[PDB]
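K.L.:
Sharing a structure below in structure tokens format, with a few things to ask.
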């Protein structure tokens, strides 16, 4: 379950997920988007090459449909590279 | 676009309690992280509390931990600030804010990242 994409940085979030900070990006491909999660510099509008683990992260909504809230996980072998 | 309408504030004595309510209307579909901010005169907006879209994740400024509680009801498109054990320190104009960053579980803690703002509700605590 490895992913690799290239696109423009559309949005940047500095957030929290249980006693740990996290930086997230909205990556605009071609036109679609996917969230990048990280547990010369990466800026707003940066055209970047991203590689990491693709998580589907399916959740139930309170029918009770089951939708996907997918994102790319990034850690030594995961990276976000400006280009 | 998006309106955030606030209520529940007012004047109370110290040790007293209030329940703030932020109601969202407009295109609530684009809203994800919700947060409460406050501003005392002279000083600038400080982060009080914020909550993820799924409600699973919350973050509090140190001074309000244990005293204030944040929850949300997405079906009603509302977020609440349960304020217990109010201190005079807590006197400020309280604002709710909404974030457009499309994420379900991650809570936004940076102020410049919140994209929509309420008009503000006055909270005064007398000692």
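Residue numbers (the entry's author numbering), protein chains in the order written: chain C, 627 to 656, 697 to 705, 716 to 738, 740 to 752, 754 to 761; chain A, 1 to 127.
Beta carbons: idealized from backbone N, C-alpha and C, even for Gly.
Within the 8 Å Cβ cut-off, does residue 116 (chain A) reach chain C?
P.N.:
Chain C places no beta carbon closer than 8 Å to that of residue 116 (chain A), leaving this residue out of the contacts.
K.L.:
Compare the C-beta of residue 653 (chain C) against all C-beta atoms of chain A and say whether one is closer than 8 Å.
P.N.:
no
K.L.:
When burial is assigned at 16 or more other CB atoms within 10 Å of the CB, is residue 89 (chain A) buried or exposed?
P.N.:
exposed
K.L.:
Does any residue of chain A bring its CB to less than 8 Å from the CB of residue 637 (chain C)?
P.N.:
yes
K.L.:
Using DSSP bridges, identify the partner residues of residue 114 (chain A).
P.N.:
DSSP, once it has assigned bridges, lists no residue as partnering residue 114 (chain A).
K.L.:
Is there a Cβ from chain A that is less than 8 Å from the Cβ of residue 643 (chain C)?
P.N.:
Chain A, which has a Cβ nearer than 8 Å to the Cβ of residue 643 (chain C), makes this yes.
K.L.:
Find the residues of chain C that neighbour residue 102 (chain A), judging by a C-beta separation of less than 9 Å, and give them in chain order.
P.N.:
Per Cβ cutoff of 9 Å: 637, 652, 699, 701 and 746.
K.L.:
Which residues does DSSP pair with residue 629 (chain C) in a beta bridge?
P.N.:
For residue 629 (chain C), DSSP records a beta bridge to C:728.
K.L.:
CB residue 629 (chain C) to CB residue 653 (chain C), shorter than 8 Å?
P.N.:
no
K.L.:
Between the alpha carbons of residue 15 (chain A) and residue 720 (chain C), how many angstroms are there, rounded?
P.N.:
45 Å
K.L.:
With a Cβ-Cβ cutoff of 8 Å, do residue 108 (chain A) and residue 641 (chain C) count as a contact?
P.N.:
Residue 641 (chain C) sits close to residue 108 (chain A), with the two beta carbons spaced by under 8 Å.
K.L.:
Label residue 53 (chain A) either buried or exposed according to how many other C-beta atoms from any shown protein chain fall within 10 Å of its C-beta, with 16 as the threshold for buried.
P.N.:
buried
K.L.:
Taking the CB atoms as reference points, tell me whether residue 73 (chain A) and residue 99 (chain A) lie closer together than 8 Å.
P.N.:
Against a cut-off of 8 Å, the Cβ pair of residue 99 (chain A) and residue 73 (chain A) comes out as no contact.
K.L.:
Return no unless some Cβ of chain C is closer than 8 Å to the Cβ of residue 51 (chain A).
P.N.:
no
K.L.:
Using 8 Å as the Cβ pair cut-off and three pairs as the minimum, do the segment 16 to 25 of chain A and the segment 80 to 96 of chain A touch?
P.N.:
yes
K.L.:
Answer with yes or no whether the minimum CB distance from residue 77 (chain A) to chain C is below 8 Å.
P.N.:
no
K.L.:
At 7 Å on the CB atoms, spell out the chain A contacts of residue 758 (chain C), in chain order.
P.N.:
Correct list: empty, because the minimum Cβ distance to chain A is about 16 Å.
K.L.:
Using the three-state DSSP reduction, which class does residue 698 (chain C) fall into: helix, strand or coil?
P.N.:
coil
K.L.:
Cβ closer than 9 Å: which chain A residues qualify as neighbours of residue 648 (chain C)?
P.N.:
106
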